[PDB]
Ligand SMILES: *[C@@H]1O[C@H](CO)[C@@H](O[C@@H]2O[C@H](CO)[C@@H](O[C@@H]3O[C@H](CO[C@H]4O[C@H](CO)[C@@H](O)[C@H](O)[C@@H]4O)[C@@H](O)[C@H](O[C@H]4O[C@H](CO)[C@@H](O)[C@H](O)[C@@H]4O)[C@@H]3O)[C@H](O)[C@H]2NC(C)=O)[C@H](O)[C@H]1NC(C)=O
Ligand SMILES: *[C@@H]1O[C@H](CO)[C@@H](O[C@@H]2O[C@H](CO)[C@@H](O[C@@H]3O[C@H](CO[C@H]4O[C@H](CO)[C@@H](O)[C@H](O)[C@@H]4O)[C@@H](O)[C@H](O[C@H]4O[C@H](CO)[C@@H](O)[C@H](O)[C@@H]4O)[C@@H]3O)[C@H](O)[C@H]2NC(C)=O)[C@H](O)[C@H]1NC(C)=O
Ligand SMILES: *[C@@H]1O[C@H](CO)[C@@H](O[C@@H]2O[C@H](CO)[C@@H](O)[C@H](O)[C@H]2NC(C)=O)[C@H](O)[C@H]1NC(C)=O
Ligand SMILES: *[C@@H]1O[C@H](CO)[C@@H](O)[C@H](O)[C@H]1NC(C)=O
């Protein structure tokens, strides 16, 4: 099945440069353009340009000339985009996409987040929130997870490694004093807790941190 | 450049009902226009091409149309999984341009904000801070108010509020309110409370705990 | 540099732009660093340019419509980045279309114009469509009394400097009072202007003999 | 060509008499043959149509050649109508030539 695998999240100081990769699998690599799209949180979707891999022909949006450079490795079936002279304006999510054949877009990548600031990487503190000292106020019980004081985005938070999905509410991160904070709640049946094991899994790759916190009763 | 104008930043509809998003090219794109659906946190997915054509695997609910420079994405029988942002693209000529995006929003029956309060954990107090967390879950409409009370006294200092995209299953907003303080200050008082005033009850829904 | 590469504008030859000679000396060590190509009747192009004795190039804007210009490749690298023959303009699709291309260049001047143009032969049909939309391209370059129609042909050729595809080079001479007309539904490698033609004592020789004062 | 000398390849393209004949043989309605080396190429398009009856056939074969120097490579590309080479003829230089004569040879 056709798959476009992009590279990991990136954090970069202003004025530096970054190379994002898009690895194409499941179709003949040379038979299709590769497209690059930028997404900033208030600007929607901007088209960066395209590159046709075999002959390395690059076509850029007039607005990105000099900012962005595409290249292709035909042996590794990979297309690279390089962004230079980075500013905060270039902080966004970057997608690579493959046309159905020559024009409109069919397949997209999972996205690469690029953040630009002079700031230092800070690992989050992860805290269990077990319900208040007391007894069941009903048929279910709600537990939670606090992920505090980190930078940059993103962090990724699951419960029981994904075995709990429904009834999980993860809240968008709020930024306060140049540090991000998010929390998550998971509601389960009075049966399933404390009697079974509830754990929240927080990962923050830019910090090289991964933790699991079981919620213990108070 | 060609501008693709989606004038609706937000659309309101109800499940099972019909909804239309408009996109207007600023000069002739012919019929080459595609519609993509971006759900929260996922990558864009392809809905329509040639302005009228259903991409494979796409439900029959979604239909594109075009008249002149006017393009319309119509969903009939809106489901709850249809909560997302909708982009249109002219692939007619370079540079490829996109529409602003239209976020589809749902209206459902009023629902009560299930409330839960949480006291500071141990690891955090050993760290020197303390954060009282209050979850207000699965309510509607979005408009809500949460008030923090310490020993029965209102407190606005140090509150942090986060609202979520409208839920894709039950179509209800939820929000997390964290209340942060210093360790010594949290030990300086006893009662901690949060009150949620909403449309669903004439009087506040009060959850609270004591040391 | 060989004279033809200097003519076309292969990057490592760009020193030869607008050069003149009585005798052009081609060395055995010469080599081509750009998109792999061929010239039907290479000998004649080589002869007539050698005889004209000048590479002087005069630019002209052609009114091209709804196509991307200045296509390039990694096979022909100008500097760090991708490139192409300096005197040729590689036209391809804009978005979902490659509009048929119909353009005129009158010769109102006092002398003859030498136009160098080309046709692109892609390796695969995919490559054809990715570039030109239409599956079958075509190029007709003509004047009042003469014409050339080249049909590009998709297929594979020996790997050269990265590509299994090719460019075929052609020339058209336009006398004063005549008119150039270029017609393409794609695959056209377009001229950027003309080379001035002169008559005189100029010529070309193959030798490894050192030049000396 | 990894050898010490030049290779002479003789190949051909088949021109059928009717479209039926084209399809009966090659499937595709329009064939094509591209024979090439590093610095040169030939693309022949076969053409369906009738020609004078000769030895039973209104169809024809067109013969072409390609010479491949040592270090070069031959590449043959066809979607059909190709009359393919079986190998190469060795090329030599020397005093050889050809004459048209009805004169008897004698000792
Ligand atoms: C129709 O059929 C032809 C013939 O099979 C195909 O053309 C071949 O395409 C392949 C794939 O790219 C070519 O393979 C490449 O060859 C390059 C040329 O180097 C040659 O020269 C040196 C010196 O003599 C030799 O040592 C070497 O073996 C070659 O003879 C190599 O440089 C390439 O290597 C690069 O990539 C490989 C990974 O693939 C890396 O391991 C290397 O490090 C290096 O970076 C590569 O091997 C091959 O040359 C082509 N053959 C010819 C003669 O044209 C067409 O692809 C096919 N058409 C289709 C689309 O079906
Ligand atoms: C497009 O148009 C052309 C022209 O009409 C058609 O081509 C003709 O095809 C027919 C049918 O096969 C050919 O007819 C055959 O001619 C053979 C050639 O012999 C010639 O030479 C001798 C000596 O000069 C003459 O006496 C004789 O008349 C011929 O001129 C004959 O040998 C064939 O005869 C054999 O078959 C017949 C039965 O059909 C027997 O009676 C005989 O014994 C013998 O076994 C036959 O007559 C004709 O030659 C073609 N014309 C030419 C010049 O090409 C195409 O068919 C047509 N295309 C289509 C498909 O529409
Ligand atoms: C293109 O990708 C290929 C494959 O990943 C790279 O070739 C590799 O090079 C490294 C050392 O430079 C080796 O460790 C690998 O084993 C090589 N792979 C093989 C067998 O070819 C190549 O370096 C890449 N080139 C670019 C564009 O950076
Ligand atoms: C270029 O060609 C177009 C299409 O034929 C024509 O409309 C236009 O007038 C031309 N533009 C200029 C500036 O010559």
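All residue numbers given for chain C refer to Swiss-Prot; the residues shown span 81-293 in order.
According to its header, this structure was worked out by X-ray crystallography, 3.0 Å.
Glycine is no exception: its Cβ is also placed from the backbone N, Cα and C atoms.
What Swiss-Prot records for C:81-C:93, C:114-C:156 is disulfide bond. The N-linked glycosylation site annotation in Swiss-Prot covers C:143, C:182.
Everything Swiss-Prot records as a feature, shown here on the structure.
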| residue | record | contacts (Cβ under 8 Å, 6+ apart) |
| --- | --- | --- |
| C:81 | disulfide bond | C:90, C:92, C:93, C:95, C:96, C:110 |
| C:114 | disulfide bond | C:85, C:88, C:90, C:91, C:155, C:156, C:163, C:164, C:165, C:241 |
| C:143 | N-linked glycosylation site | C:183 |
| C:182 | N-linked glycosylation site | C:261, C:262, C:263 |
Out of C:81, C:93, C:143, C:182, which recorded positions have CB atoms lying under 6 Å from ligand 4?
C:143
Per DSSP, three-state class assigned to residue C:93 (disulfide bond):
helix
Just how many other Cβ atoms lie inside 10 Å of the Cβ on residue C:93 (disulfide bond)?
24
